Ligand code: SF4
Ligand code: SF4
Ligand code: SF4
Ligand code: SF4
Ligand code: FES
Ligand SMILES: [Ca+2]
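Chains as they are written, first to last, in our numbering: chain A, 98 to 1002; chain B, 38 to 183; chain C, 4 to 588.
If you want it as structure tokens, here you go:
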């Protein structure tokens, strides 16, 4: 199209509204109620521009730019006096009841309302009457509530209800007494309640975890990183102050996690600030855990490895590509073992084979929202890959969007979208051992054991295409439901099959692969998504290695007398007794870790590794996209005796000391080159981010904002002499003010969004090419593998029915967003949000044992009896028993396994 | 709807006839205000009804009708200050058809602008004290604006 | 029309003359808020344009400024030629009372500009500073070496890709530079005749000095007592003020403007806040102008008292320094009452001053106005009419109007030559039109004694301005009614949410100046001071250029001292009224 803004010609998209078209061009228009993801409602009355009918018009007409489409030849004015007077008046009306709270408000310096008050030029108050006040509700441990600061812009209710699909946040009252919150006191039950701290333009919803140890946005040292709490790999901005990780802000990625994270990845960062973490290397001599610096620890470790007959290495899916590869070089690729069990590794390798050899295009997380039918097989998406569940909700509302678009309604008229789309929505068929959080919008939910879920998928694949292996033993009404699912998937333009490794069944993955292949063979634009468990599970699968059982047999037989455990607690993937016995038999245990685990008591040496906040590296997400995360802060800047190095740095210097008897603290780009030389299937991680020589017109990228304060006084209590600015030889970033964070800088790794006049999270509008689109100069991250030309073949191994045998109980995994990822359970703010460990039972099974709800029953697995209180699950099937995966004592490896001696305590 | 005077009484009740008369036909159920009822209290009650019964969706009506209500409350008690009638005109100009989300607020401030246009002398009688928005802070010299 | 409006100055006669001479497509006129016509000239035509402006019927006789600009990080460059770097030349025509700003665009690979020293001889130090801080090489320069940093310095500090903060102190660098000092060849400095007459004695006059003007070094070559050649080595007072201007906000840079000429104070604050108000669109009220003029005149009297006392001490009389410092203590009592600080008050603000005047300032001003003139007459009769002082001063280091124009000499040295050019009259700023004061001028020779007597007369006129200000007091605000007045008035901040929001964002992120270019030129205590500010639309200055007169005066030091004595050199240094912070900044 063509618009005339103050006489200047501009070329914009004709389908866009005028506010987003003018914001894409860099023009500044105040706005509150419009969000790029939530659509438009036109409440705040802030985006007024004067539109003219033709080229020569004097009076014009004041119009709302978030309702006005950017049609061809549209003449508007922004800076003329009438529009500025109206926008200043609207800001003034918002400022009548606003509390005098900016010094004691967590949004100060990060406030959209402050930015728009300053931008409109309104600074003189002529209101002398009283201001309305509101009582503050309790929203739980994550979100702090303060309703005095609200401007009634309706963004919270729009996001939480329409977008996030929540049910316990609403607007109450009329006129100026509108109240936004829950009907009563309680925790916000949505898994994406944390995004309200960025959706809300004011300080109504604030980060309570940040509020405990609060600092302003200009004082925060930011870095671009990847969230380490599940396999989705949402881009984040961890920001620190005074040596502790303070906040996790959302980092815009137009491909993955544009405006939204989940609650686990926003509030589960508290394990970094734990005081029991190893900070210096520790050697156990006799029973004395003495403390070394880096050099003597490396020398002694290299010696004690040098007179050992065989050294094995147990990596982890928590660790990065570089650290696992450095361990692989240290011990040799024959003696390198992945830290996961055999069944988990089999499921992970099958998921990788489906992704990179199945011939079906795996979609990006932003691209999930543009699919017409979703079949989720076996994966509890909301509890394991929650952001994928949010994107699935968007794809389900896509039917209402399409129905509105068929009747001359644009995509930003979300009110008309919901008016036309009353209750019609895209088909969603979720399958699990119990009820999920997607069942409120799902067209069908199938509660069945994982064998029966796999059989459902196999029957769907056979009904879609007769070349798939058939299933015998389908009940007729279940067959009618298969026909309904097949009719929904066949009529869809873009179907999407979502599975993963969390179900604990290979056959569900095989069934999802066969459904995707059958839909591909009909000519549909089918996509397949696979949810892995940990942050770098796909990278560990691509790198490969032996399973944990092989390493345990090597330690127990005596062929290996030296074990190097990299960032693995070893109890989540194997039984505790076997791991403890194997590590007790081994005369040399060396744990390279950043979290105090149970295996460090048996460890002979502990290398204090760094977490994601104090290290760089590359992680591969569930879609196969390599993503680089950078160090946020130097740990030794505040505590000089802290020796907390990168895991790959520790292992590379250990290998160098073992070989040539000197320490070699390498550079990250050297390890990247070693990975892309030794491992050609990981050769794409070089393009994930540019190397340390990357500059923007000669200068590096600044970690901290321009107004970083206190630099001559933040360490003055230790010494009045200012220390060294920490030098970053690994990355293109600097630990200082002196860098570049321009929105027009030719770069993709943006540490934080800030623009002059835009201090809120709305500065991402300045950092994007067009608002709500991609990051300018491309989104960061690169896919490792392309879609294969030829696919796989149909998996003929159709599993049998689940037969409940007496005395044996099938463990059904019940994942929790707060409690399954180990590092998140380490966080102290998650210990109040997580539920108490309850064992889930069928009513028929509870009647058979004669136990009621809440009774403590004991069960013995691997020779250890543990007691749990019983919760009655109606959606479970008979012969199964529900257990919470990931909690203390209940490893996620227990999923899909039998359980013995289920009796009342 | 807008208030009208005795000069507008000799005018037929149609749609277009009241269209250029500066008012609306409405429901054609008129109400007469005599000399005993002061227009300040009447406009205060009208705006109080239109503010407590507004829907509160969009910013200008929701956050400006209470401002006009408080201004009229001050003018009732004689606590008006210089900068109140101009505030009423600015609010009415910024509350026109399409300036708000719907037409409830233009109908809300039609009586306000009508009583301003025809009975401005009854509203200026409520302005008695000078404009004092700030209070003196001991230790800080105020900026004497001119 | 506001005085801060963005103008292109296409109606200026110089633009029409350039169009008629070089053609309508030889240059690009930029619309700025500097108040001067800014013309982008091609690099090859720079010398031709300089000669054409030098040979006009009313020529541009003074090169006011010459420096560089790193344009790589500048985003808002609409209507501008493509430049990674640029070199700007500010030229002044006194006869027209006009000035032009030529700008030469460059590229990152070819940073080679023709030298300007053949047209204006005072371009030598400016081009040495531009090469030192920006790496821009000037072809044809006679001696293009570093002037602010040591010769063994890696990098050019004013480039955008240079780390502004201090690097770590190392004792090895200290020992290496001490070795350089101990083993510190009269050929690398441009000197000739390395003791060819068997009497060419070499001495070092600095760098440490028993004087308040600062620290700097001159290497003197003498035939007996006669100076034959002198190479001044400056940069012993470099503080990175412009690099700090790129590192502080628009509001938190005012203390750094205070220490540019540390005897000036509010006089140094004045052009910076006026230029930021040009960038912000702020027209301050008349009471603000009156207050700022009062404090500028008080600090001018303070600086002139220090200069006269220092000159009299340099000649040899040691009592008037004690008496003039007692008078300076009276001025400091008044300034302490008004602002709360003696020498660096940091009191001017964007859009006004920090606080209102305290209740009782007029009593101290009346005390000082009664105290001062009798002491001034005592100073004159006791030392300034002494014939020994006159013999030490008169006819020593003299120059005419041509030498003052060709070296960019401004202030008392310029007006001692008969050139009646004062900024407070020629280009009146901050309400100086409302005060009745005279401009003292010389007879045509700028001696040491003539400059000292002109500074005495300037002190008398500043006292007259203070009397006229004390008699007539306007009443009103001490801060402007603009949304960009930084900070807002304090009581409204303490009890109004809009004012609190504006204060919160202005004192933390900074005020956002829209992307423009501003320039303010004022009459400093020591000459003509100027702030040239480029905003990229951010809360910090994209470029801060400070032109100081002491730079030009120290560049004129070798031109007027050849063939004189060392005592004449000491008297000349004492009679310039310079400080080393002004030169090096
Ligand atoms: S929400 Fe914004 S405007 Fe309101 S008190 Fe907080 S920082 Fe100030
Ligand atoms: S609570 Fe926040 S997001 Fe919700 S209406 Fe109020 S200002 Fe808007
Ligand atoms: S969905 Fe996974 S990767 Fe994304 S924020 Fe949540 S825990 Fe982190
Ligand atoms: S003008 Fe209408 S939509 Fe707006 S708040 Fe008032 S009653 Fe509601
Ligand atoms: S952004 Fe358009 S009215 Fe709210
Ligand atoms: Ca690092």
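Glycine included, each C-beta is placed from N, C-alpha and C at the ideal position.
If you reduce the DSSP assignment to three classes, tell me which class residue i lands in.
i: residue 233/C; result: strand
i: residue 442/C; result: coil
i: residue 307/C; result: helix
i: residue 874/A; result: coil
i: residue 108/A; result: strand
i: residue 397/C; result: coil
i: residue 328/A; result: coil
i: residue 837/A; result: strand
i: residue 470/A; result: strand
Along chain C, which residues have their Cβ under 9 Å away from the Cβ of residue i?
i: residue 128/B; result: Those within 9 Å of residue 128/B in chain C number zero; the least Cβ separation is about 17 Å.
Could you give the distance in angstroms between the alpha-carbon of residue i and the alpha-carbon of residue j?
i: residue 948/A; j: residue 966/A; result: 10 Å
i: residue 496/A; j: residue 521/A; result: 7 Å
i: residue 1003/A; j: residue 318/A; result: Because chain A in this structure spans residues 98 to 1002, residue 1003/A falls outside the shown range and cannot be described.
i: residue 165/C; j: residue 41/C; result: 28 Å
i: residue 358/C; j: residue 291/C; result: 11 Å
i: residue 541/C; j: residue 333/A; result: 26 Å
i: residue 397/C; j: residue 121/C; result: 32 Å
i: residue 994/A; j: residue 442/A; result: 15 Å
i: residue 472/A; j: residue 224/A; result: 57 Å
i: residue 3/C; j: residue 136/B; result: Outside the shown range of chain C (4 to 588) lies residue 3/C, about which nothing can therefore be said.
i: residue 188/A; j: residue 56/B; result: 33 Å
What are the residues that DSSP puts in a beta bridge with residue i?
i: residue 380/A; result: 387/A and 702/A
i: residue 535/C; result: 522/C and 548/C
i: residue 172/A; result: 101/A and 149/A
i: residue 907/A; result: 977/A and 995/A
i: residue 276/A; result: 269/A
i: residue 1004/A; result: Nothing can be reported for residue 1004/A, as the shown portion of chain A is limited to 98 through 1002.
How would you list, in chain order, the residues of chain A whose beta-carbon sits under 8 Å from the beta-carbon of residue i?
i: residue 52/B; result: Those do not exist, as residue 52/B stays about 24 Å from chain A at its closest Cβ, beyond 8 Å.
i: residue 164/C; result: 792, 794, 795 and 796
Between residue i and ligand 1, is there a pair consisting of the residue's CB and a ligand heavy atom that are separated by less than 7 Å?
i: residue 334/C; result: no
i: residue 504/C; result: yes
How about residue i: is its Cβ closer than 7 Å to a heavy atom in ligand 5?
i: residue 247/A; result: no
i: residue 128/A; result: yes
Anything in chain C within Cβ reach of residue i, meaning under 8 Å, just list it in chain order.
i: residue 874/A; result: Those do not exist, as residue 874/A stays about 14 Å from chain C at its closest Cβ, beyond 8 Å.
Return yes when at least one heavy atom of ligand 2 lies under 7 Å from the C-beta of residue i, else no.
i: residue 68/A; result: No answer is possible for residue 68/A: the residues shown for chain A start at 98 and end at 1002.
Say the cut is 7 Å; is the CB of residue i nearer than that to a heavy atom of ligand 6?
i: residue 713/A; result: yes
May I ask you to check if the CB of residue i is nearer than 7 Å to at least one heavy atom of ligand 3?
i: residue 717/A; result: no
Is residue i a contact residue of ligand 4, with contact defined as CB to any heavy atom under 7 Å?
i: residue 137/B; result: yes
i: residue 104/B; result: no
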